[PDB]
């Protein structure tokens, strides 16, 4: 009776973005920000705006969530996995630079449970910004107090990593200039604000 996630909230007639209660299978009720983009609903799992929220958090906090749902936040790996579980989901990354240009990229992904350290497997689909995250590789999540070779760009924040590493840490240190997104070719994008958004494939 309580919707499982944002797509079913949308299909039940809530077509506006905002904060909603959901309850995925085998889970407690918790609140999410549902973000409708061009008529399609997403669950917002990460949001960064100005660096005010410290993202160099513990493993426990990256697992259960931190921040403010009306501002900068991280939903929580346990909550994200409760949504995704064994399903193929779609991940959208939205970056805005300091010149206020908007870039997006979408991936098809699978996510493992806490026993796999929430291993992420991505394949890029579309976007107007080149990919910076290794594709078709098992990416292991790590925090400052919970290391999985340690990537130089993982020194701050919780992120998914492989030996190839890279400048791709959207949960990295917000320098007070923003964040960095270095694609495979070499072009590095200065990032002022980020969103990470998911929705089921079907």
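Positions refer to the first chain, counted from 1.
Undergrad: Count of coordinate-less deposited residues separating residue 148 and residue 149, as none, 1 to 3, 4 to 9, or 10 or more?
TA: Unresolved stretch here: 1 to 3 residues.
Undergrad: Please classify the coordinate gap between residue 68 and residue 69 in terms of deposited residues: none, 1 to 3, 4 to 9, or 10 or more.
TA: Count of unmodelled residues in between: none.
Undergrad: For the higher mean C-alpha B factor in the entry, choose 70 to 78 or 125 to 133.
TA: Averaging CA B-factors over each stretch, the winner is 125 to 133.
Undergrad: Would you determine, from the values in the PDB entry, which of 160 to 168 and 54 to 62 has the greater average C-alpha temperature factor?
TA: Higher of the two, by average CA B-factor, is 160 to 168.
Undergrad: Hey, out of 23, 187, 15, 192, whose CA B-factor is highest in the deposited coordinates?
TA: Each of 23, 187, 15, 192 was compared by C-alpha B-factor; the highest is 187.
Undergrad: Lowest, middle or highest third: where is residue 118 by Cα B-factor in its chain?
TA: It falls in the middle third of the chain.
Undergrad: What third of its chain's C-alpha B-factors does residue 89 belong to: lowest, middle or highest?
TA: Tercile = lowest for this residue's CA B-factor.
Undergrad: Compare the C-alpha B factor of residue 43 with those of the other modelled residues in its chain, then answer lowest, middle or highest third.
TA: Residue 43: CA B-factor falls in the lowest third of its chain.
Undergrad: Sorting by Cα B-factor within the chain, modelled residues only, which third would residue 1 end up in: lowest, middle or highest?
TA: Within its chain, residue 1 is a highest-third residue by C-alpha B-factor, going by the deposited values.
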